[PDB]
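A.B. asks: Before we start, here is the structure in question, set down as structure tokens.
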Amino acid sequence: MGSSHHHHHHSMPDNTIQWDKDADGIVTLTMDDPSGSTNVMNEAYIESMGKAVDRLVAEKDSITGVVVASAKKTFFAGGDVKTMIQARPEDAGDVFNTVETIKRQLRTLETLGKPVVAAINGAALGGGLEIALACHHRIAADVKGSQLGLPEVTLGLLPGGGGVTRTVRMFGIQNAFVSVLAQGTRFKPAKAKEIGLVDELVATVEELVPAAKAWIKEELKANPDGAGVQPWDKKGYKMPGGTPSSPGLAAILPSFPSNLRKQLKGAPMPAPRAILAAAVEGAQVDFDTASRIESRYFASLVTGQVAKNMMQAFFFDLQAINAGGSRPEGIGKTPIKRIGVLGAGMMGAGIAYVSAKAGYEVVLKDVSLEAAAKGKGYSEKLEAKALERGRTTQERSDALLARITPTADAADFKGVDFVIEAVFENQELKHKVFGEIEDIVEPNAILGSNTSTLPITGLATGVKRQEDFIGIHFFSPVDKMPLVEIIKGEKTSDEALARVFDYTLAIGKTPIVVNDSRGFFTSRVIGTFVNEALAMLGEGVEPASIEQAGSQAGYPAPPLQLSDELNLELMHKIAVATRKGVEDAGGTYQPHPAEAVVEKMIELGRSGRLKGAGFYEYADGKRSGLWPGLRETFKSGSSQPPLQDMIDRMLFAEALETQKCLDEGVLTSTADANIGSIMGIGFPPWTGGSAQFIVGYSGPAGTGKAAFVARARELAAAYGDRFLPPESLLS
Amino acid sequence: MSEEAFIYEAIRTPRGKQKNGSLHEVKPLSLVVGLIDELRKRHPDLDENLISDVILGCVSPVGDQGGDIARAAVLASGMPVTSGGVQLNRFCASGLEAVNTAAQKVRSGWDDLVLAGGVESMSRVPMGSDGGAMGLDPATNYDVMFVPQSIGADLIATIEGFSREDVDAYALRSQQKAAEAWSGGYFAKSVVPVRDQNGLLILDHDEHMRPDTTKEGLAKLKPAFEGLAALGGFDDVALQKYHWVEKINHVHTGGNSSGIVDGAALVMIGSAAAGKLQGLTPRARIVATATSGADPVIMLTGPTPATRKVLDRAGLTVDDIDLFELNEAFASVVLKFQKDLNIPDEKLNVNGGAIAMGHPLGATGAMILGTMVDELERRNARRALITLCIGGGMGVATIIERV
Amino acid sequence: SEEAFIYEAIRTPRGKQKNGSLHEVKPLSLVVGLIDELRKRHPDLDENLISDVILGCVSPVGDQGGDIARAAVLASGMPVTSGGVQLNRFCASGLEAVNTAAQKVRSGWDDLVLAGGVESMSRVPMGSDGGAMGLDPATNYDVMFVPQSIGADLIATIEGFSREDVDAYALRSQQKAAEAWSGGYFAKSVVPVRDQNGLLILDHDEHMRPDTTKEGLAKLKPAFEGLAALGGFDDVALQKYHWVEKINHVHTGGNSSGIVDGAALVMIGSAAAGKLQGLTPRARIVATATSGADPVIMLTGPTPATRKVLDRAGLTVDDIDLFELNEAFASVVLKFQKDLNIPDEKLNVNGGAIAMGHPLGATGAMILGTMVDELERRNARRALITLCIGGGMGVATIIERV
Ligand SMILES: CC(C)(COP(=O)(O)OP(=O)(O)OC[C@H]1O[C@@H](n2cnc3c(N)ncnc32)[C@H](O)[C@@H]1OP(=O)(O)O)[C@@H](O)C(=O)NCCC(=O)NCCS
Ligand SMILES: Nc1ncnc2c1ncn2[C@@H]1O[C@H](COP(=O)(O)OP(=O)(O)O)[C@@H](O)[C@H]1O
């Protein structure tokens, strides 16, 4: 019951830890869960470690030291997400108890009076690294793929197995938060050693346990009084950077929550502020008290909705995509020898960069050599910055740029087995451009288009082999944007799908697979977002408020700023297209209230950044404040709706539009909807995606699909019938 | 509401500057004891056993200023052991709050004679030395949307449309009226020179004053870059609430903000019977007091609702008030207040303010109250209103009438 | 003129110093907890009518610095017009808060006021705030500074209170506190503390040792070897009390107030203010007094403060049903009782700070609220609440059941 290492104290799971005691009294605990390829903090770990730690205490008179090891390819994968996602508010008590039990075990380990060395053979992430932090020394095998870090914030959680408490005692508040906790960054073993998260490195996994045992042997001989005692467990302990009561830190401490608020832009992500609160509060008290505080903040997040959203998207949905859920079934591999890129604008240039960086030969063709060269210059500028930041060697940078060959001659697409076209949004131009190339390239070459709206089926008719024609949709700026939206046209074969899917993984990006449709998934949905913002401007809402609503919603960039980056002339002809579609079928088009605003800005010669003037003023290649004339033009200030109403209009427009895309079979999985919306069009991470938003909405109305529908109907009553939920959400 | 409350004496020390200040060598307790001994000098026959409390404002009651400095003063000055001693903190208004609380204790009929006022040695005990949750506690700091004082002041300027020249014009005007008040002998009877254990002069004037300030000199100054403001985030935090505002105009400098200074003030407050029994002449009557407030983010909007509330309870209007006294924490605060209530210039901070003379946090309230008592007497005017902007968005206002 | 009425008086349970339940809880959270309880009891209360929040706090530094009262107002989402002021009158701060609130109400310039205190002694130990009386040599010499436990022992010596006498009072405090708890006396007024998830942190007065015996109390060692008394202070005291040859050190951990964490809140207003919020008055503040005595003996301030408040109200000891004096030290209570001839069965009838602890800035409000309850339970008319104070101060209040 009390102070027990076990979950239960009244009247069973499998054993996951192997016990080995040397002739020298060194105990090796080898973690090997026989129910997965990975070691997680499940009920079996908890009982298994409970038993082992009891045995450690019982046999203390013959144990000289401990080594914590793993028998898997990875060290420890962290908390059990399958259990954590299920935790409701009434489960706060159980969650609190679980995490307190886990830490009670680690605390015994840490305060055993003997050295404990973590032998890190592979990935130690979250709960995994927390086990290692409970040890007095960390040795990691400098192996391929090995990562170390505390990424629980990326799942809307916190390091509740001691991570916060221990990194704060190790590095102090500021460094622990900035370097480790706030962003939950994964580190390579060498980087992990650099920041003090790991103590020393070995070349191979086989060296670990011997080196660990060697360290214990030496530590007991060289440091008998302080062996197995963490720095914070000594009388003279002083926290790096000081405690909150210390003058130096006290002077800057008030600015931590403001700096975070600034970074988060006022978005409703609870996890980072919980981490900060736990860090500071922990630092104010003794270790054990600090640890218990950590548990309360953890239970707070786990039983909240955002953690559920983020866990769903960034664990379950992402895993589903990475395992080939949208990839066709029995299709083999086809390695790509030579990529050909049509167009040297920001898109083509970016595509040529990410392909070259992945290791492919790239032929970059434009209409002139001068053009193709400036396209390559885009990659040169990225390498200049990468060399200055010291993130690459000169030799490897030279090879990257040497893989890119700028040309104006169509004959230089000889031997090309993978075409990515990135020319102007125009069907006949795209037909012509492919025409000039389809016979010069390899007979089995993929013919890929980076179109934003135009249906792939239509573009395909411009080629001989339509089976190999496919949409390969990138996002600006290509070097930063992680999504590729792959679009299946009617004639597109399953093999073509797979081949592009593979390419997407090969360049280190995330693929979604979409069925052909005007505006596809991403462009169509982002449209509804910026259209809502423009409508508010026309209704008379202050532009400053509109931008604030966008940022406080959680978008990476505010919507008028975004509206400048997408051209206003592209938005115009997207609307012209949709109008023509309806009007040709003999119907009547209902223009979005935003269209009048787009047309108004075009008429004023303020069509966006590319033309030097949009909603913002642009001087010398820099954006510089909103255009003052905006207020007189739209009578800004005459409409003053709740900020939350503005936020909700933007988020709801996209969420609703996403459901339509699911209804029409444009998307085939919610996983694709969520990750595609997050990585493609910057839909706020806290929502877990445009689809997850529907089922995980929280507000005044409550939580869930029902509460979403209520709020949707509330918005429709106030702002227009476009917020009425489609029949597929009702009863 | 029974017993009327009267001001019999209101004195203060000169204000010592923050850097190479004359008062840096003087313990805050000594600043208070000095003023107690002045009262003793002025009424050598006062029976001190009638004094039931000493109430002192102090914003940083730590170190030299901790352990109930009021009781320290009572005991260290040899006052009767029956004479109380209580420290209080309502940030910038603490000094007026002491006086107000003192007056309220007299009105209840349970106290007869009270010393009230405040003390702050900002050169020895800097602002923020005491810590506090809404600043130093992340969960609270997030939930209260904490922002430093200067940022609020700049936001005010931005919203109301006060320019850098506007705020500096007020700054210049404060220096001029302070210098004129000193020249005219307005402060002769009430500023008590500070002296050592040997009677040697330490300071006899408000040394923060810059009487030769010019338009051009002020224009050359840099916007506030010391303390909390220099650190990141606060603009953005402010604009997240005030989302219709695109950019904060940073107009406030060290020449148009109040000065960091050392000082103390003492007011003697009692009932009519209390004054009569001791041969004390009433100088003013406390007509009404009010505590109100506004948004904590913009922070310094508190004086307007506080003033409206005290005017209302006393059954008075702006027209009935001969002198308005508002603490000069930041220029824009005064202009905003003047704009809200249409206060005529000739009535506002007529002897200059904290920009010229300094703002010793806990004592300022009592200092500017005493300033108004002297001016009412000097001008032969009837009513003064005294008010302060407060951290956390609070406001306090008091009305006095000359007797 | 205006009368001051008590409408609500609540407190937290008290958390002990060593391995205490409240050690993990910020003092601000303690106050916010109680504000949410008042809101729960009166969901339809117009909070715009609350003009001030007055909190006693003896160590206003760190977690307790920066006008904790204003912090409570804002953090609890109370109206921005609701004030917030911290005060410090040492041990009596909690009662001084209630008194000041009553006086503001009577003055006519405040309508409805929240008053109380908070002290988290396990997070902010006493003496944390510094102070001249102790830390400045010139004024330390002047006032003849002496830790209060020495004054407590000096009283015992002068009055001829023996170690057994002092321990006998302690036992009775423990017994009376246990009976109050198990009698359900504190059910309505003690508000359990809970975390951000609703989980229970503390629901009872941890410091209590209800199984205390006279034999166990006799085993304890004098506090004269504890923390506060280093060296010199006996000789300083005896320099003033020159006819006393030797101080008999009788006080121990068992017969002195417990060092604890806690908070208390009281709602005070005019009849008119209560009427339009639909609140029922529980008691009326009859009178208040500040007085004092010698700062060296330090702890005899309750007597003249009590005499003064009785005189003000036009009452005598015979008119008072219940006397409540903070149990800082057993001898202080025995001295008070002797001086005013207070009958036993009227004095600290639900136990005190020896059993339940003395969270400095909150205690005055806690024992005030304790009396409001006993008056209502016993159906009695009058209670007198008083506390001894550092520096030789005394504060007393008389309340009347309405
Ligand atoms: C540890 C990791 C790098 C290993 O990658 P890998 O070698 O490719 O192995 P996989 O990702 O295919 O995982 C294999 C299995 O382990 C499971 N698993 C991995 N980490 C898990 C966790 N934290 N909780 C629950 N299950 C987990 C997967 O669900 C999968 O189960 P299944 O195949 O039975 O469905 C990877 O699983 C990972 O990143 N996990 C998440 C780590 C994390 O961020 N958690 C800590 C913060 S909460
Ligand atoms: N020029 C202005 N002056 C004063 N207030 C303004 C101005 N422009 C907008 N506002 C404020 O915008 C607010 C509407 O949004 P807000 O209430 O902040 O959103 P929410 O209801 O989500 O908190 C109004 O309360 C109004 O005070």
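Chains as they are written, first to last, in PDB author numbering: chain A, -15 to -5, 1 to 720; chain D, 1 to 403; chain C, 2 to 403.
We put the CB at the ideal spot given by N, CA and C, even for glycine.
1. Listed by chain order, which residues have C-beta atoms less than 7 angstroms from any heavy atom of ligand 2?
2. Going along chain A in order, which residues have a C-beta closer than 9 angstroms to the C-beta of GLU25(C)?
3. Does the Cβ of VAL29(A) lie closer than 7 angstroms to at least one heavy atom of ligand 1?
4. Terminal residues of the continuous alpha helix (DSSP H) containing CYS389(D)?
5. Once the 5 residues before and after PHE672(A) are set aside, which same chain residues still bring their CB inside 7 angstroms of it?
6. Out of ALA171(C), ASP154(C) and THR289(C), which has the shortest C-alpha to C-alpha gap to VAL245(C)?
7. So, at 7 angstroms on beta carbons, what are the nonlocal neighbours of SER344(A) in its own chain, with the 5 sequence-adjacent residues on each side left out?
8. Got a sec: does ligand 1 put a non-hydrogen atom nearer than 7 angstroms to the Cβ of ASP387(A)?
9. Helix, strand or coil for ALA680(A) per DSSP?
10. Starting from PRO500(A), follow the alpha helix (DSSP H) in both directions and report where the run begins and ends.
11. Is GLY149(A) near ligand 1, in the sense that its beta carbon is under 7 angstroms from a heavy atom of that ligand?
12. Please confirm whether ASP457(A) and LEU436(A) have their CB atoms less than 8 angstroms apart.
13. Using the Cα positions of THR5(A) and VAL106(A), report the straight-line distance between them to the nearest angstrom.
14. Could you tell me which residues DSSP pairs with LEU436(A) in its beta bridges?
15. With a threshold of 8 angstroms between beta-carbons, can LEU231(D) be considered close to chain A, or not?
16. What three-state label does DSSP hand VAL267(D) in the structure shown?
17. Could you tell me if the beta carbon of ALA707(A) falls within a distance shorter than 7 angstroms of some heavy atom in ligand 1?
18. Can the beta-carbon of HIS561(A) be found closer than 8 angstroms to that of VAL587(A)?
19. List, in order along the chain, the chain C residues whose C-beta lies closer than 9 angstroms to that of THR387(D)?
20. Do you know offhand how far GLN541(A)'s Cα is from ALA564(A)'s?
21. I'd like to know whether the C-beta of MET299(D) is nearer than 8 angstroms to at least one C-beta of chain C.
22. To test your reading of the DSSP string, which unbroken alpha helix (DSSP H) runs of 4 or more residues are found completely within the region 48 to 118 of chain A?
23. Check the Cβ-Cβ distances between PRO61(C) and every residue of chain D, and say whether any is below 8 angstroms.
24. Name the chain C residues whose beta carbon is nearer than 8 angstroms to that of residue 0(A)?
25. Using a beta-carbon distance below 8 angstroms, is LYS177(C) in contact with chain D?
26. Which partner residues of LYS354(A) appear in the DSSP bridge assignment?
27. Quick one: residues in its chain with C-beta nearer than 6 angstroms to the C-beta of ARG124(D), no 5 flanking neighbours on either side, listed in chain order?
28. Is the CB of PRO296(D) under 8 angstroms away from at least one CB in chain A?
29. Could you please give me the residues that DSSP links to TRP8(A) through a beta bridge?
30. Any chance the CB of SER94(D) is under 7 angstroms from a heavy atom of ligand 1?
31. Strictly below 8 angstroms CB to CB, what residues from chain C border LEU29(D)?
32. Output, in chain order, the set of chain A residues within a Cβ distance shorter than 9 angstroms of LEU221(C).
33. Would you say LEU323(C) and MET357(C) are within 8 angstroms of each other, going by their C-beta atoms?
34. Is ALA112(A) near ligand 1, going by C-beta to nearest heavy atom under 7 angstroms?
35. Apply the 10 Å Cβ neighbour rule to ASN349(C) and answer buried if 16 or more other Cβ atoms are within range, or exposed otherwise.
36. With a cut-off of 8 angstroms, do at least 3 Cβ pairs link the region 209 to 218 of chain D to the region 167 to 181 of chain D?
C.D. replies: Working from what's here:
1. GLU531(A), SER534(A), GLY626(A), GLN629(A), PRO630(A), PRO631(A), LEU632(A), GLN633(A), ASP634(A), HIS243(D) and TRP244(D)
2. The contacting residues are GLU270, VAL274, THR278, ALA279, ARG281, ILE282 and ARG285.
3. yes
4. Taken as a continuous stretch (DSSP letters only), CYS389(D) belongs to no alpha helix (DSSP H), being part of the beta strand (DSSP E) at 383 to 390.
5. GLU643, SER666, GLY678 and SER679
6. The alpha carbon of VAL245(C) has as its nearest neighbour, out of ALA171(C), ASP154(C) and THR289(C), the alpha carbon of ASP154(C).
7. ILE328, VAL351 and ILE496
8. no
9. coil
10. No alpha helix (DSSP H) holds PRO500(A); the beta strand (DSSP E) holding it covers 499 to 504.
11. Taking non-hydrogen atoms of ligand 1 into account, the C-beta of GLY149(A) is found less than 7 angstroms away from none of them.
12. yes
13. Cα to Cα, the separation comes out at about 19 angstroms.
14. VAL408(A) and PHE458(A)
15. yes
16. strand
17. no
18. yes
19. Chain C residues near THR387(D): none, gap ~14 angstroms exceeds 9 angstroms.
20. Computed Cα separation, rounded: 28 angstroms.
21. no
22. 70 to 73 and 81 to 99
23. Yes, contact with chain D.
24. This structure gives no coordinates for residue 0(A). The numbering of chain A moves from -5 immediately to 1.
25. no
26. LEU331(A) and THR396(A)
27. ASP64
28. With 8 angstroms as the cut-off, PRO296(D) does not count as an interface residue toward chain A.
29. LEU18(A)
30. no
31. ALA133, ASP137 and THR140
32. Those within 9 angstroms of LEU221(C) in chain A number zero; the least Cβ separation is about 26 angstroms.
33. no
34. Within 7 angstroms of the C-beta of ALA112(A) there is at least one heavy atom belonging to ligand 1.
35. buried
36. Under the 8 angstroms Cβ criterion, the region 209 to 218 of chain D counts as touching the region 167 to 181 of chain D, having at least three qualifying pairs.
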